[PDB]
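Q: I would like the atomic coordinates for the input below:
(chains A, B, C, D, E, F, G, H, I, J, K and L, ligands or ions: 7)
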Amino acid sequence: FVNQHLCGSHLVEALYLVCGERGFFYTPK
Amino acid sequence: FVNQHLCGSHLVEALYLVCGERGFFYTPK
Amino acid sequence: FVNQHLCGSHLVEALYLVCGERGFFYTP
Amino acid sequence: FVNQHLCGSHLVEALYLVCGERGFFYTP
Amino acid sequence: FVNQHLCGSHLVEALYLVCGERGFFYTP
Amino acid sequence: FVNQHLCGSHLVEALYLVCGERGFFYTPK
Amino acid sequence: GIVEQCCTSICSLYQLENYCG
Amino acid sequence: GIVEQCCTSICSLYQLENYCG
Amino acid sequence: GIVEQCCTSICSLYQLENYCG
Amino acid sequence: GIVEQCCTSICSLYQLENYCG
Amino acid sequence: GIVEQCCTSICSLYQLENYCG
Amino acid sequence: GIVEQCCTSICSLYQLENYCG
Ligand SMILES: [Ca+2]
Ligand SMILES: [Ca+2]
Ligand SMILES: [Ca+2]
Ligand SMILES: [Cl-]
Ligand SMILES: [Cl-]
Ligand SMILES: [Zn+2]
Ligand SMILES: [Zn+2]
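A: Residues are numbered from 1 along each chain as shown, chains lettered A, B, ... in the order given. Ligands and ions are numbered 1, 2, ... in the order given. Dropping the coordinates below:
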């Protein structure tokens, strides 16, 4: 799933930034 | 706080790769 | 389109390296 | 120095996401 | 194409982490 | 040293851009 | 999930805040 | 300049938004 | 702009330089 | 904490796996 | 070559390790 | 090596080109 992998890579970097001290969860398909 | 922020940015990218389908829940302090 | 969004992310990282001390204005 | 160069790489990536369609200027 | 350039950018980050002190060869 | 580990992560991304179709060897020794 | 919501159309940073802890 | 403001003392996302177009 | 130029077809380092300050 | 364990001494890919969910 | 092997079908970390020095 | 040369002093893209294939 190359597109989904590239998307998730950028999603985690954005969540890290947006969520700050709250942290976040990444749950792929 | 800058070095910890930069470090954590690379850690979540590493977790993304290592954890794969399992996903992860990133918590900072 | 998400793919164009991810492309732009890489473009600005490239501009950072290529432009050096000149900097750059990213105008999407 | 290097630590400042690496900081800037991350700054540019965050500006990309924060600024959206407004774009941004990167002046260092 | 662009898709190959963007995929390769992520390949080299993954190679960096996986290979560690061995290093690696990136050859398209 | 983590800061050296983070530096190498950016080095390989710059090498990717600079070298293009030439590719490159990352020899961290 | 976040891949369904955000990997074919763009999610704003406000939308991404839904996945914070 | 953004480097002086944000690479010694960390910048919030609001502070970063100061540099948008 | 740079997106229309460099996301539909790949841009050289010199082509990216045209967007510098 | 992953930050405390891994941001001044390098963590192996093995050690990081302990943080997967 | 790695691009042909891993940019149309996804590669695992084990398959990536094929390219370590 | 690259690490000793480029992590204590900033390397230009031209210096980085030495490590090209
Ligand atoms: Ca990044
Ligand atoms: Ca990255
Ligand atoms: Ca990067
Ligand atoms: Cl991508
Ligand atoms: Cl860094
Ligand atoms: Zn990408
Ligand atoms: Zn970094």
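Q: quick check, central residue of the chain?
A: No chain was given, so I picked chain A. The centroid of chain A falls nearest to residue A:12 when counting by C-alpha atoms, centre = their mean (2.1 Å).
Q: hmm, I had chain G in mind actually
A: Nearest to the mean C-alpha position of chain G, counting by C-alpha atoms, centre = their mean, stands residue G:16 at 4.0 Å.
Q: how near is that one to residue L:2?
A: According to C-beta to C-beta, to the nearest Å, residue G:16 and residue L:2 sit 35 Å apart. Heads up, the C-betas are built off the backbone N, CA and C, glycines and all.
Q: up against chain H, what does chain G have?
A: residue G:13 (C-beta under 8 Å from any C-beta of the partner chain).
Q: near chain D at all, stretch G:10-21?
A: Yes - judged by C-beta under 8 Å from any C-beta, stretch G:10-21 and chain D are in contact via G:12, G:13.
Q: meant to ask about stretch A:4-20
A: Yes - against chain D, stretch A:4-20 shows contacts by C-beta under 8 Å from any C-beta at A:13, A:14, A:17, A:18.
Q: can you tell me the element the first one falls in?
A: With elements delineated by DSSP states H and E, residue A:13 resides in helix A:2-19, which encompasses its position.
Q: which residues touch that helix?
A: Where contact means C-beta atoms under 8 Å, 6 or more residues apart in numbering or on different chains, the residues beyond helix A:2-19 that reach it are A:24, A:26, A:28-29, B:8-9, B:12-13, B:15-16, B:26, C:2-3, C:6, C:9, D:13-14, D:17, E:6-7, E:10, G:2-3, G:6-7, G:13, G:16-17, G:19-21, H:13, K:7-10.
Q: what's the next helix or strand after it packed up against?
A: Next in sequence after helix A:2-19, counting helices and strands by DSSP H and E, comes strand A:24-26. If you count contacts as 3 or more C-beta pairs under 8 Å, 6 or more residues apart in numbering or on different chains; DSSP states H and E, strand A:24-26 packs onto helix A:2-19, strand B:24-26.
Q: check which residues of strand A:24-26 are buried.
A: Buried residues in strand A:24-26, counted by 16 or more other C-beta atoms under 10 Å in any protein chain shown: A:24, A:25, A:26.
Q: the second one contacts residue B:25, doesn't it?
A: Yes - when contacts are counted by C-beta atoms under 8 Å, residue A:25 is listed as touching residue B:25 (4.5 Å).
Q: which residues do the two both contact?
A: Here residue A:25 and residue B:25 have G:21, J:21 as joint contacts, going by C-beta under 8 Å, 6+ apart.
Q: okay, now the nearest residue to residue G:21 once chain neighbours are set aside: neighbour count?
A: Nearest residue to residue G:21, sequence neighbours excluded (C-beta to C-beta, 6 or more residues apart in numbering or on different chains): residue A:23, at 4.1 Å. Neighbours of residue A:23 under the rule other C-beta atoms under 10 Å in any protein chain shown: 19.
Q: next: residue G:12.
A: Close neighbours of residue G:12, defined as other C-beta under 10 Å, add up to 11.
Q: what's the answer for residue G:21, then?
A: Count around residue G:21 with other C-beta under 10 Å applied: 13.
Q: residues contacting it?
A: Shown in contact with residue G:21 (C-beta under 8 Å, 6+ apart): A:19, A:22, A:23, A:24, A:25, B:25, B:26, B:27.
Q: you'd agree the last one is up against residue A:23?
A: Yes - with contact defined as C-beta under 8 Å, residue B:27 and residue A:23 form a contacting pair (4.3 Å).
Q: tell me the contacts of the residue lying closest to residue A:21 once chain neighbours are set aside?
A: Residue nearest to residue A:21 in three dimensions, not counting chain neighbours: residue B:28, with 5.9 Å by C-beta to C-beta, 6+ apart. Applying C-beta under 8 Å, 6+ apart, we find residue B:28 in contact with A:21, A:23, B:4, B:8, J:1, J:2, J:3.
Q: this completes my enquiry, with thanks.
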